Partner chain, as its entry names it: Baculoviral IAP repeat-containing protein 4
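Take a look at this single chain, the form deposited without its partner chain, given in structure tokens.
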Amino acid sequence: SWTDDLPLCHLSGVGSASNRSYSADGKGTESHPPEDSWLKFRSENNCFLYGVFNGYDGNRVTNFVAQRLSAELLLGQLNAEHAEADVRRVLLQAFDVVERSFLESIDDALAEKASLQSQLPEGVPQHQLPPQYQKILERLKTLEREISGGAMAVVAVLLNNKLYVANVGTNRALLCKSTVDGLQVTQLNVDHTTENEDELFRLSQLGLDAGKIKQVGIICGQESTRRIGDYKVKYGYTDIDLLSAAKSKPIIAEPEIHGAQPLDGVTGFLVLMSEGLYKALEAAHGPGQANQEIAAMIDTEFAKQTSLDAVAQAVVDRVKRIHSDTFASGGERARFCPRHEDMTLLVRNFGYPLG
């Protein structure tokens, strides 16, 4: 938590809300601990770092990634006078170090887990286990919490008024430019899913059947084809149907880095958002319009709110209302909105007027 001493960026805002499942009858929701996270830091120079992270299976990986990525980038590694090629290399190394050091951090616990499993009669219902093996089982559950979890991440670095985006997974970055002819919205990164052809290709080159992968859509509760952490899929993919044939890790942690974006004389804002936010909007309004809608909602709030945090939080709140109303209306799409995931929205302003 040395990051709590880091200068926060005054040109950005974050809005968020936790996952929720609606109760069948009546009003009342249930939530599991939130697993999203973010960061908005300004370094020495006119150097800025922003990120939105989406975890699953706990939030230990989400926090490990946020903390370590900060350590690998805001402690000197990023320099104003660096060439684009340098910045690409620095981001690439930061993610590689974050992934390798995370896996090294759980190694011992993985070994202890294996040893405890060897002492435990396999396949026996918890209640039928005598007291002796009960204690071991509990220790196994404690180790499981300590080593499990995964995370997707989209990061954006603003260096000498040039913008870079590093992305692993399905979070999104949008650059919204106010042109003479409306608000121009462009998604800077690309979603790493079984619908991303280049990823179906990468998975094809490893020996997996792209057709079956594409059909199924999800690889272990997650549709993201790139993730950080997640030992289940990084080590035991050999034993996972769709992945069985893989010659090397199907799910990787390498980021896709997107070309420098000049921002000189650009007026608008940058949006980083988690999968939970846009997926919820699409569950309620239908396939493919989340980007335009979210950017339009943010546009509207820019004129009414008095801080970027309020701008971001208002949009997150509107999406939550749209979503619960749809489920409550019992209407046509109610079947798609019984619950929603964590939502995070970060907005970094580039001269757009507020209030």
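Positions refer to the first chain, counted from 1. Only the largest set of C-alpha atoms that superpose within 1.5 Å between the two forms is called the rigid core.
Form solved in complex with its partner chain: not shown, discussed below.
Novice: Just give me the single entry in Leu158, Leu103, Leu74, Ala260 that has a non-hydrogen atom within 4.5 angstroms of its partner chain in the entry with it bound.
Specialist: If I apply the 4.5 Å criterion carefully, the residue I get is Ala260.
Novice: Pick from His285, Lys279, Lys234, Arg226: which has a non-hydrogen atom within 4.5 Å of its partner chain in the entry with it bound?
Specialist: By the 4.5 Å heavy-atom cutoff, the listed residue in contact is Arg226.
Novice: Taking any heavy atom pair closer than or equal to 4.5 Å as contact, tell me whether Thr186 reaches its partner chain in the entry with it bound.
Specialist: So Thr186 counts as contacting its partner chain.
Novice: In the entry with it bound, does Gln205 come within 4.5 Å of its partner chain, counting heavy atoms only?
Specialist: Answer yes; at least one heavy atom of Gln205 falls within 4.5 Å of its partner chain in the entry with it bound.
Novice: Contact between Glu197 and its partner chain in the entry with it bound at 4.5 Å, heavy atoms?
Specialist: The answer is yes: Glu197 has a heavy atom within 4.5 Å of its partner chain.
Novice: Just checking whether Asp107 would be counted as a contact of its partner chain in the entry with it bound - the rule being heavy atoms within 4.5 angstroms.
Specialist: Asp107 lies outside the contact set for its partner chain.
Novice: When its partner chain is placed as it is in the entry with it bound, which of 146-154, 234-242, 80-88, 94-102 ends up with heavy atoms within 4.5 Å of it?
Specialist: Selected stretch: 80-88.
Novice: For the heavy atom contacts within 4.5 Å of its partner chain in the entry with it bound, list the residues of 6-25 involved, in sequence order.
Specialist: Heavy-atom contacts within 4.5 Å come from no residue here.
Novice: Looking at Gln77, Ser178, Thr193, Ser148, which has a Cα shift of 2 angstroms or more between the shown form and the other one when the rigid core is held fixed?
Specialist: One residue passes the 2 Å cut-off, namely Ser148.
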